[PDB]
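Presented below is the structure to which this report refers.
Where a number appears in this text, it was derived from the coordinates with a stated rule and is not lab data. Virtual Cβ from ideal backbone geometry, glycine too; neighbours counted across all protein chains shown.
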Amino acid sequence: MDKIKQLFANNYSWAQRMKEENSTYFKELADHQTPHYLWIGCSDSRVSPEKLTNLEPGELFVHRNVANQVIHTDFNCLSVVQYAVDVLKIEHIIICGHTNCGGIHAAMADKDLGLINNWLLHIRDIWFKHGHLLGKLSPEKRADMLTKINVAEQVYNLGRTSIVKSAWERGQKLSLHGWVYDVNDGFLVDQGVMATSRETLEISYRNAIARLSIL
Amino acid sequence: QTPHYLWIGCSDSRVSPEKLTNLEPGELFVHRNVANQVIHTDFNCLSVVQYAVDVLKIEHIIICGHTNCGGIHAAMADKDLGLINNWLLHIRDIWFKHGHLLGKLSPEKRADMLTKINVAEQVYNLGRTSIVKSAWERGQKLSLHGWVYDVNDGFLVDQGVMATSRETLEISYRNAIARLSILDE
Amino acid sequence: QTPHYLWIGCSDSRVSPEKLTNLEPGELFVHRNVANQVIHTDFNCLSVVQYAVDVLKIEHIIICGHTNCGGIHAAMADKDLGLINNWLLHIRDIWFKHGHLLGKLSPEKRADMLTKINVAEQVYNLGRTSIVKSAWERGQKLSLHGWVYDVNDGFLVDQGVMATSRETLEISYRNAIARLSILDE
Amino acid sequence: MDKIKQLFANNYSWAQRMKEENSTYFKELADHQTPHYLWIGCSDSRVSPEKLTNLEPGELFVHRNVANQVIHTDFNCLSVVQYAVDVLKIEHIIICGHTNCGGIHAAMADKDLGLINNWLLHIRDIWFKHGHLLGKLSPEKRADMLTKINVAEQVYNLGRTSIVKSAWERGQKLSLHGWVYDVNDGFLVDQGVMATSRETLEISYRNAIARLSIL
Ligand SMILES: [Zn+2]
Ligand SMILES: [Zn+2]
Ligand SMILES: [Zn+2]
Ligand SMILES: [Zn+2]
């Protein structure tokens, strides 16, 4: 399908509209721009950080993957984190989850999808680790809960990386945030895990899970 | 869902696919990593590719690099930045692989060339994944693209790497390498 | 080739499968990594498992931990050793997962228990790989085992985790965890 | 098949034979034993480092994988290397390849084997990178050449890890070796890549490839 010739023209048009409306827009942006935020979010299509954040363009370093994971031994995301933290000196990392997430839904289904199964086993381990809380919930309320739990677990993993622990240890400023977005209701205000230290991580995480385990 | 494109780009901050392609909301299924890599053994990127192809039946995968890429500059620099260097080794391999062509070059043009070559190499890798191949093998419609966004002017540039089959992957991959290695402007 | 076992053990130096099992030469197809892990997303270990199962049709996979495992001690210690800590986080998860049982324990017994639990968890992971499951699904003969070699006396100890099907994996995994969490000696 | 009850009895028997023949054998071994070598070798079954090296027991830290790879972004092997080098202070790493290797043979075939395909693409990239040298060789001599090349490439990768480069930089003693074993002829004496530094790596590697590109 010839969606491609259309995509290019739209780029062209957009780039023209930006120049004519601000001549030095690309000059300003192309140069010496240092992001102060990292966004770890889902590859799903209605959860773009460009859409969800109000940040100045060039402020956001971005990684996206299926179900917004920080797997302890994932070279890809750990590299984004380490480059962001050690080299770019970013001081805030955001893990953003969302409702109606395909990854969460696929983690919860038993379809053999090959490779993606291996990746989602991490989510399934998280589902089993909160089996009680989820089991005593209504089948179709569960995806929403798992999403919320997942963010909290991934932030926990983030805060336990060698990279984050060291930064904190040597007194570099670094705060982690875990939010959850809903397509209709927007950002669920009762979510926010938030950490600036290992001690704060623990409290924020624990509290977050307790809060979620309310009836 | 039904987005129509998987966009594989760099994590670098000026280069938002949504903004840049200016499409309807929800068109883009997205992966971003440092220097837009597709690495044969990276569950992360591959899982995105597989979700895209087998679950969402996306028909277009775009790999888009960009000018002025910090990843590429780090890949070119002999300087220890830590864990990230091992990730960039794949690109540094590519640097040295085409070291004769890049050697010829005026040093301030080398980052632009390595950016271009890197896109073509990553598409060559995408195209060799079991994921992409099986989809071709069994008749699914699937095209791969390799472009470069220029941060100085907002413009996507085709690199003329495009594949709809294993055979056409070979053809255009070779062509692009030859084109870049031999020709001059 | 035709070895009959895949042995997945630790890289630690006293614990050579060949020496210890005292088998005919060429019986063992082998993977070793730090703390004998099977990680859902580790191409390295998984590729070994797949070669074993699909190419060589090996019928027995052994996961063998051992007493006195440096990996396990590092996993238990709150101390930054670098890159390796991220690898050991998987085990540290397990430590904290069974933290109540291990909490009860006399501190010089905790490494032995975590060693045991770790074997059972890793088998639970092996057993959940698409590789193992498809082989079961389609009728191939395949059994998984979880033992611990005791470096103090040279003796393999069964941990009673054994699976020949997804269903029997559940059964013995649960049993072993219950057995270890509840009972006392 | 009941190979398992047999395996246990053989362990038992072996352990008894060792005690009765040396009472304090296991005491001596179980304790405070620090390896001075790391062996990276193939999972294939007739290439055990216990068999191939004459080292004292407890001297060898061991990793084995399909086709003895050091992939730049492989968390598993990089962890073995980093633990060996930074924590255990090992001063020699050996990458051992071998002839009649299944990995090499599978890399060279076009069977879809699923996951293992992804892993072997690394080898296939190495096959293509020496396409000339291999192509002008006789089809059934090629596996043997690819094995030999592979060792040299993996040692090259090893020596370019952040881990090895740093060790060298801060002046820690560390030497890398690449050997190739043949089931009949034994260790091919013309192989030995050997490096104690980045400068030596380069020379040894380059020379090794040139040497191999002789007619
Ligand atoms: Zn999602
Ligand atoms: Zn970039
Ligand atoms: Zn161990
Ligand atoms: Zn082999």
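Here the dipole of the protein assembly as shown is about 340 debye; that uses its Cα centre as origin and unit charges on the Cβ of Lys and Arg (positive) and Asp and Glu (negative).
For chain C, modelled as a GNM with alpha-carbon contacts under 10 angstrom, which of C:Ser11, C:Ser106, C:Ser172 fluctuates the most? Looking only at C:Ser11, C:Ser106, C:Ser172, the biggest GNM fluctuation is shown by C:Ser106.
Rounded to the nearest whole angstrom, the semi-axes of the ellipsoid equivalent to the range D:1-103, taken from the Cα gyration tensor as √(5λ), stand at 27, 21, 12, largest first.
I need the GluC sites (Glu not before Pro) found in the range D:1-36, filtered to DSSP loop residues with at most 15 other beta carbons within 10 Å of theirs. Mind showing how you got there, number by number?
Details: sites: D:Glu20, D:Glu21, D:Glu28; in loops: D:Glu21.
Taking the range D:1-36 and a limit of 15 other Cβ atoms within 10 Å, the loop GluC sites (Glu not before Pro) found are D:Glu21.
Across the cross-link table entries D:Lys3/D:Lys51; A:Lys136/A:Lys165; C:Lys116/D:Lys148; D:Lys89/D:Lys111, which are compared at the Cα atoms, the separations over 30 Å belong to A:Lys136/A:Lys165; C:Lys116/D:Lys148; D:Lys89/D:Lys111. Annotation for C:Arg179 and B:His100: the two label points, set 7 Å from Cα along the Cα-Cβ direction, are 6.4 nm apart. Where the centroid of each part is defined by its Cα atoms, how far is the range C:156-183 from the range B:96-115 in Å? What the calculation gives is 58 Å, centre to centre.
Counting each DSSP H run of 4 or more residues in chain B as -39500 (n - 2.57), what helix-only mean residue ellipticity at 222 nm follows after dividing by all residues, to the nearest 500 deg cm²/dmol?
Numbers: 8 runs with 83 residues, N = 185.
So the helix-based figure for chain B works out to -13500 deg cm²/dmol.
Taking label points 7 Å from Cα along the Cα-to-Cβ direction, D:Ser138 and A:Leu212 give a separation of 6.4 nm. In percent, rounded to a whole number, the relative contact order of chain D is 19, using alpha-carbon pairs under 8 Å and six or more apart. The base-10 log of I(q)/I(0) for the range C:1-50, evaluated at q = 0.17, 0.20, 0.26, 0.30 Å⁻¹, reads -0.52, -0.70, -1.03, -1.18 [Debye formula, identical scatterers on Cα atoms, solvent excluded].
Reported to the nearest whole Å, the Cα centre-to-centre distance from the range A:75-106 to the range D:27-86 is 33.
Each residue in D:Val183, C:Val48, A:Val81 was given a count of other beta-carbon atoms within 10 angstrom of its own, and listing them fewest first yields D:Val183, A:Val81, C:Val48. Counted residue by residue at 0.36 nm each, then reduced by the alpha carbon distance between them, the extension gain from A:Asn22 to A:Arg170 reaches 49.1 nm. Could you check which residue among B:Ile94, B:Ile62, B:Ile84 shows the biggest mean-square fluctuation in a GNM of chain B with a 10 Å Cα cutoff? Ranking B:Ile94, B:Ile62, B:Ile84 by mean-square fluctuation puts B:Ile84 first. A simple count of charges around B:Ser106, restricted to other residues whose Cβ falls under 13 Å of its Cβ and scoring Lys, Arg +1 and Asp, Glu -1, yields -1. Computed from the C-beta positions of D:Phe128 and B:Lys109 and an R0 of 25 Å, the FRET efficiency is 0.40 to the nearest 0.05. Per residue, the convex hull spanned by the Cα atoms of the protein assembly as shown measures out at 166 cubic angstrom. Here D:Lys19 is the anchor, and the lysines within straight C-alpha reach of less than 16 Å, apart from those fewer than 8 places off in the same chain, are C:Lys19, D:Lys27.
Both radii are taken from the alpha-carbon atoms of chain B; with Rh as the Kirkwood radius, Rg/Rh is 0.95.
In what order do A:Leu78, A:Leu174, D:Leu215 fall by count of nearby beta-carbon atoms within 10 Å, going from fewest to most?
Numbers: A:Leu78 25, A:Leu174 21, D:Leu215 5.
Least to most surrounded, the residues fall as D:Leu215, A:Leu174, A:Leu78.
Calculate, for A:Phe8 and A:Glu202, the FRET efficiency according to 1/(1 + (r/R0)^6) with r their C-beta to C-beta distance and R0 51 Å; round to the nearest 0.05. Don't jump to the answer; show the numbers that get you there.
Working: r = 50 Å, r/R0 = 0.97.
Working from the Cβ atoms, E equals 0.55.
Remark on the range B:77-185: hydrodynamic radius 15.3 angstrom, per the Kirkwood mean of 1/r across alpha carbon pairs.
Per the helix-only calculation at 222 nm, which mean residue ellipticity applies to chain D, given -39500 (n - 2.57) for every DSSP H run of n ≥ 4 and division by its residues, nearest 500 deg cm²/dmol? Please report the intermediate quantities before stating the final value.
Values: 10 runs with 105 residues, N = 215.
Calculated mean residue ellipticity at 222 nm is -14500 deg cm²/dmol.
In the neighborhood of D:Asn117, defined by Cβ-to-Cβ distances under 12 Å, what is the net charge if each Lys or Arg adds +1 and each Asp or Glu adds -1? Don't skip to the end; give the middle numbers.
Numbers: positive: B:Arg128, B:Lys133, D:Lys111, D:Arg124; negative: C:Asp54, D:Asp110, D:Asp112.
Combined, the nearby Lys, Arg, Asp and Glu give +1.
When DSSP beta bridges are restricted to pairs lying wholly in the protein assembly as shown, around 25% turn out antiparallel.
Ratio of alpha-carbon Rg to the 2.2 N^0.38 Å globular estimate for chain A, to two decimals, please. Mind dumping the intermediate values first?
Numbers: Rg = 18.9 Å, N = 215, 2.2 N^0.38 = 16.9 Å.
Against the compact-globule rule of thumb, the ratio is 1.12.
Using the scaling law 2.2 N^0.38 Å as the reference, what is the normalised Cα Rg of the range D:77-149? Walk me through the numbers on the way to the answer.
Numbers: Rg = 15.2 Å, N = 73, 2.2 N^0.38 = 11.2 Å.
Normalised Rg, Cα atoms only: 1.36.
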